[PDB]
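Bear in mind that the values in this text are calculations on the coordinates, not laboratory data. With ideal geometry, Cβ positions are generated from the backbone for all residues, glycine too; neighbour counts draw on all protein chains shown.
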Amino acid sequence: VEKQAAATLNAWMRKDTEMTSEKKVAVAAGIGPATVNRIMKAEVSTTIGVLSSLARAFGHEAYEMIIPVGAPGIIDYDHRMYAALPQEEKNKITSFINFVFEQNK
Amino acid sequence: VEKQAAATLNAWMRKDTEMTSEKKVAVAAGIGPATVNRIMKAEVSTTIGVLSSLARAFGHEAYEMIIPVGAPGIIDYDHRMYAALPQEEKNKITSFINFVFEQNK
Amino acid sequence: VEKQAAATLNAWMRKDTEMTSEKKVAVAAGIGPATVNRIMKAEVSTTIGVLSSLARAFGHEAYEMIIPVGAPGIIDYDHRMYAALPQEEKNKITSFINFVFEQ
Amino acid sequence: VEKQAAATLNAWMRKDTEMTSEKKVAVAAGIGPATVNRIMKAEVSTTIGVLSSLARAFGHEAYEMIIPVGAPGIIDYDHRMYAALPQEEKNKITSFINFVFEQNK
């Protein structure tokens, strides 16, 4: 979980135009230069708030960083395209998903 | 985020799929009974460590408790129950998503 | 082919408001000489005009008479509620079905 | 509603599956030659015999012609595609049956 957050945070750090900097991530996130480090070494178990501040600096949200590899549970798509659709169309997907689910129960 | 954590905790309490009662949540998480409330009211920004332990106490992962459910770009569905599907059933769900999209785009 | 549709007429005529006399069904049809007995025997190939006036009193539309007995293309369902369920959410059905066409 | 079968036949001119270029019309049923003038509408009150042998030729049957397209209480689907395509997958639609949760239900 911490160790997920570490890799995610490092992987984004190895990518991104700001290059890599515990300083720049601290600067972008608005937390101290020494806390990033403690988080990136998976030494301290950080707060969700601080997690949020971190994901946002890269253009992401907190949960995204604490997702288990393989990502069981997650689906492939373009989010605007999904968000841009009528509400009545959405409950089609919710109705379908759980149909499948409880078909198996 | 903390407000997402609180919303889903109660949302997960509204569920009662595995849960015998309201009370036992603290030792399942194995942290003080003040803590569960402080989280449920978004008084404190909880560490991802405890967040794992609260979530693992129910049978979900941490990320599901701070997922921005409501976000229009994000389909509300149960990630554990999708994870459990035979990939044939998963491909079919994916197959529908594109269906709607390409119907609407 | 045209015959079992007569057996449906004879099946229905046994329960409605007018479950006995041929003539009350003839005026339910609105037309026809003493002939309208002939539709019961599959002697005549009854016109699609007859179904209508016949139907409006029944509460049955016309397809239910000319449906092949073993029709594979027919869905099993309670039309207790279908269009009766909201149209926002009846839209799901049509989309699922069409979804299966593309498959 | 009742003359729906007359338009439904006129609606079939987009099919073009058997014969790709300009040709006679359709000699399959052994129905009238004037039927071409007729087919569209303003026709004849057709027999059951008529539609059944035209429908037989294309792979359709009697009842499907005269079901309403516009009526509120009719589930719109192609019975022959409900027949023809694998009915090992369409048993789901039959298991799906009412499916409706009390939201729909």
Being of a type in the set (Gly, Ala, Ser) and out of contact with any helix residue (DSSP H, G or I) (no Cβ under 7 Å at 6 or more places or on another chain) is true for just one of C:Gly49, C:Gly30. Which residue is that? C:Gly49
Options D:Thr94, D:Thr35, D:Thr46: the member that is among the hydroxyl-bearing types (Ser, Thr, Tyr), more than 16 Å from the chain's Cα centre (by Cα) and facing another protein chain (nearest Cβ under 7 Å): D:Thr94
With D:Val100, D:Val69 as the choices, which residue is of a type in the set (A, V, I, L, M), exposed (fewer than 13 other Cβ atoms within 10 Å of the Cβ) and farther than 29 Å from C:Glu43 by Cβ? D:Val69
Can you name the residue in the stretch D:59-88 that is among the charged types (D, E, K, R) and more than 16 Å from C:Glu64 (Cα to Cα) and is also nearest to the other protein chains (Cβ to nearest Cβ) among such residues? D:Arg80
Which residue pairs have Cβ atoms closer than 6 Å, lie 6 or more positions apart in sequence or on different chains, and pair a first residue in the stretch D:5-30 that is in contact (Cβ under 8 Å) with a residue 24 or more places away in the chain and within 20 Å of D:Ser45 (Cβ to Cβ) with a second residue that is of a type in the set (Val, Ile, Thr) and outside any loop (DSSP other than H, G, I, E, B)? D:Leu9/D:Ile39; D:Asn10/D:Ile39
State all residues of the stretch C:19-39 that are among the hydrophobic types (A, V, I, L, M, F, W, C), closer than 22 Å to D:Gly49 by Cβ and loosely packed, with under 15 Cβ neighbours inside 10 Å; if no residue qualifies, say none. C:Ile31
Scanning the stretch B:6-18 for residues that are out of contact with any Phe, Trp or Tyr (no Cβ under 8 Å at 6 or more places or on another chain), surrounded by 14 or more Cβ atoms within 10 Å (Cβ to Cβ) and within 17 Å of B:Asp78 (Cβ to Cβ), the one nearest to the other protein chains (Cβ to nearest Cβ) turns out to be B:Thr8
Looking only at residues in the stretch D:52-81 that are in contact with a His (Cβ under 9 Å, 6 or more places away or on another chain) and touching a residue at least 24 places away in the same chain (Cβ under 8 Å), which one is farthest from C:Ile74 (Cα to Cα)? D:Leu54
What is the number of the single condition among (1) surrounded by 14 or more Cβ atoms within 10 Å (Cβ to Cβ); (2) of a type in the set (A, V, I, L, M); (3) on the phi < 0 side of the Ramachandran plot that A:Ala42 does not meet? (3)
Selection over the stretch A:84-97 where residues are in contact with a helix residue (DSSP H, G or I) (Cβ under 6 Å, 6 or more places away or on another chain) and either on the phi > 0 side of the Ramachandran plot or surrounded by fewer than 16 Cβ atoms within 10 Å (Cβ to Cβ) (or both) yields a count of 1
